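These notes concern the structure reproduced below.
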Amino acid sequence: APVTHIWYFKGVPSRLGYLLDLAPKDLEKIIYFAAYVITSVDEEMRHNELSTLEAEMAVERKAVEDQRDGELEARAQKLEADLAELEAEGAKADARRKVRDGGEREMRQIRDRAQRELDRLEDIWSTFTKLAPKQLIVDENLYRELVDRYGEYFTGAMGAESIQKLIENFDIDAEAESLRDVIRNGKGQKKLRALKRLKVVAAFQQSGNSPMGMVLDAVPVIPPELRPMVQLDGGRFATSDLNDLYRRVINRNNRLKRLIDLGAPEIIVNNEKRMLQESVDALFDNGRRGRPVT
Amino acid sequence: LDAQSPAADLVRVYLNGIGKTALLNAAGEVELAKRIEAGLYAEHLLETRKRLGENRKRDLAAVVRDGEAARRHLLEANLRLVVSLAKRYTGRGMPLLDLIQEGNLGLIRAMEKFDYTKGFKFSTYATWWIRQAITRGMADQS
Amino acid sequence: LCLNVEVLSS
């Protein structure tokens, strides 16, 4: 499972944050699997049927409104019939108000649930029409609803591979030109941020390299002598803990491999990937962020 | 923006992820067992039934989907128990994440090879299997 | 540390 290099998403300035124009909060949430992210979107094909999409949105809203109206009318008729029955029986006004309040609260709940569905659809439509890369979705339920409903245009996954795909699909020269154009203008406040981002991007471009070096797939290990192995009177292992950290990383990778072979739902696999990322970050550096291992 | 933020504990992420769990009190779990049995049966018959070009391949598909849903739900149900059992045997120098991962591995190895067979609460069986798995993990860690 | 340290004898 691809991982990220601790020296970047935690560094100040965080090279990833500037290059990918993401706040540290969002980047760290993405890395440790806290919220999904929209990688790429074919906005054109959605625009070509944006009117048709709005039309189907309207008709589904009409259908939900229609079932809502059916329920409201049925319950209002039931309540009115109950009130007429109670009047015929000549019961006290206390019973009248009790039944009336019960029915009114039931209808308020029905309308509130209908408005729940309506605002859910409105959020879906807003986040669908008003959608672009680098967007976040904190709640998993909303993302599940999006993919189930509109799983055609935008592809979004949470994890290091997400960043890798985003950066490799991303281009540098266009952003460099846009930042240069912004700098050519004024507005010091945003101009300084533009200057910093342009500096980073120009360094990337001049380096002749690619940002893909910020997501690792194969960590190396130093020779054995550099981590000398020591035998005590009882032959105990008390040498540099480098062996301990490599043990942890290898053990967790093998657990990942075995688990993915066996098959299991997304929750366990994602948790396990997070644990692996934690171990690699610890090995490249202990105590950089969070509680150091002891 | 470039302001810094604090990190997040791994355990708390697990709690947030499992907060959606809702135990069934072991009563309806028998229905889930029946559903998964029917799902395996439908899958096996479909594998055998590859030859027949049935007009309705959607009934087997429906059984399979019901089985998969039931399996996922029952696996979700026992995360609270596995994390309780894992935390009950802490303090031995092994991070809680590794123990809980081992418990999940043991659970998936257990329930997917379990039958009610007019047996008792499956919770006892899961507790037993995950306890054995975590004990094995600790022993091999040394 | 993934830092490709070349020599550039040229």
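Residue numbers (the UniProt record's numbering), protein chains in the order written: chain A, 99 to 392; chain B, 17 to 158; chain C, 1131 to 1140. Every residue, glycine too, gets a C-beta built ideally from N, C-alpha and C.
Residues of chain C with a CB under 8 Å from the CB of residue i: which are they?
i: A/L314; result: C1132
Below 9 Å on C-beta distance, what does residue i contact in chain A?
i: B/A24; result: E126, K127, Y130, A132, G388
i: B/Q117; result: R350, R353, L357, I366, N369, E370, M373
i: B/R88; result: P363
i: B/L56; result: Under the 9 Å cutoff, chain A gives no residues; its nearest Cβ is about 14 Å from B/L56.
For a test of the three-state rule: what should DSSP assign to residue i, helix, strand or coil?
i: B/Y57; result: helix
i: A/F335; result: strand
i: A/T253; result: strand
i: A/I128; result: helix
i: B/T106; result: coil
i: A/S138; result: strand
i: A/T102; result: strand
i: A/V313; result: strand
i: B/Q20; result: coil
i: A/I320; result: coil
i: A/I235; result: strand
Please list, in chain order, all residues of the same chain as residue i whose beta carbon is under 8 Å from its beta carbon, the five residues on each side excluded.
i: A/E370; result: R350, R353, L354, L357
i: B/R96; result: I34, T37, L39
i: A/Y251; result: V139, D140, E141, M143, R144
i: A/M310; result: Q262, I265, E266
i: A/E202; result: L177
Give the residues of chain A in contact with residue i, contact being defined as C-beta atoms less than 8 Å apart.
i: B/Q20; result: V110, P122
Rounded to the nearest angstrom, how far is the Cβ of residue i from that of residue j, given a contact under 8 Å?
i: A/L314; j: A/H145; result: Actually they do not touch by this definition, with Cβ atoms about 38 Å apart.
i: B/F136; j: B/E45; result: About 12 Å; that fails the 8 Å criterion.
i: A/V236; j: A/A133; result: 5 Å
i: A/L170; j: A/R198; result: Not quite, the Cβ-Cβ distance comes to about 16 Å (not below 8 Å), so this is no contact.
i: B/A102; j: B/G119; result: 5 Å
i: A/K108; j: A/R372; result: Contact doesn't hold; Cβ gap of about 16 Å is too wide.
i: B/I124; j: B/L91; result: 7 Å
i: A/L374; j: A/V101; result: 7 Å
i: A/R159; j: A/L219; result: 6 Å
i: B/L112; j: B/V27; result: 6 Å
Taking C-beta pairs closer than 7 Å, name the residues in chain C that residue i reaches, listed in chain order.
i: A/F107; result: Within chain C, no residue comes near A/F107; the closest Cβ sits about 14 Å away, beyond 7 Å.
i: A/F302; result: Those do not exist, as A/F302 stays about 16 Å from chain C at its closest Cβ, beyond 7 Å.
i: A/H103; result: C1132
How would you list, in chain order, the residues of chain B whose beta-carbon sits under 8 Å from the beta-carbon of residue i?
i: A/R372; result: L26, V29
i: A/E243; result: Those do not exist, as A/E243 stays about 15 Å from chain B at its closest Cβ, beyond 8 Å.
Quick check on residue i: buried or exposed, where buried means 16 or more other Cβ atoms within 10 Å of its Cβ?
i: A/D124; result: buried
i: A/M256; result: buried
i: A/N307; result: exposed
i: A/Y241; result: buried
i: A/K232; result: exposed
i: A/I320; result: exposed
i: B/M127; result: buried
i: B/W145; result: buried
i: A/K127; result: buried
i: A/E376; result: buried
i: A/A258; result: buried
i: B/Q148; result: exposed
i: B/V79; result: buried
i: A/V110; result: exposed
i: A/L360; result: exposed
i: B/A43; result: exposed
i: A/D379; result: buried
i: B/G107; result: exposed
i: B/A58; result: buried
Which bits of chain C does residue i rub up against, with CB to CB less than 9 Å?
i: A/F382; result: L1131, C1132
What does residue i touch in chain A if you count any residue whose Cβ is under 7 Å from its own?
i: B/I52; result: Those do not exist, as B/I52 stays about 14 Å from chain A at its closest Cβ, beyond 7 Å.
i: B/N120; result: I366
i: B/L113; result: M373
i: B/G135; result: Going along chain A, no residue has its Cβ under 7 Å from B/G135, so there is no contact; the nearest lies around 24 Å.
i: B/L91; result: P363
Residues in the same chain with beta-carbon distance under 7 Å from residue i, minus the five sequence neighbours each way, listed in chain order, please.
i: A/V328; result: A336, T337
i: A/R247; result: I222
i: B/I52; result: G83, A86, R87
i: residue 172 of chain B; result: In the structure displayed, chain B extends from 17 to 158; residue 172 of chain B sits before or after that span and is not available.
i: A/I136; result: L229, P231, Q233, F252, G254
i: B/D25; result: none
i: A/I270; result: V299, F302, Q303
i: B/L62; result: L76
i: A/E273; result: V299
i: A/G200; result: none
Name the chain B residues that come within less than 7 Å of residue i, Cβ to Cβ?
i: A/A362; result: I124
i: A/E376; result: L26
i: A/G311; result: Within 7 Å Cβ-Cβ: nothing; A/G311 doesn't reach chain B, min ~22 Å.
Excluding the 5 residues preceding and the 5 following residue i in the sequence, name in chain order all residues of the same chain whose CB lies nearer than 6 Å to its CB.
i: B/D114; result: none
At a threshold of 6 Å, does residue i count as lining the ligand ADP (C-beta to nearest heavy atom)?
i: A/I358; result: Of ligands this structure carries none, so the ligand ADP is not represented either.
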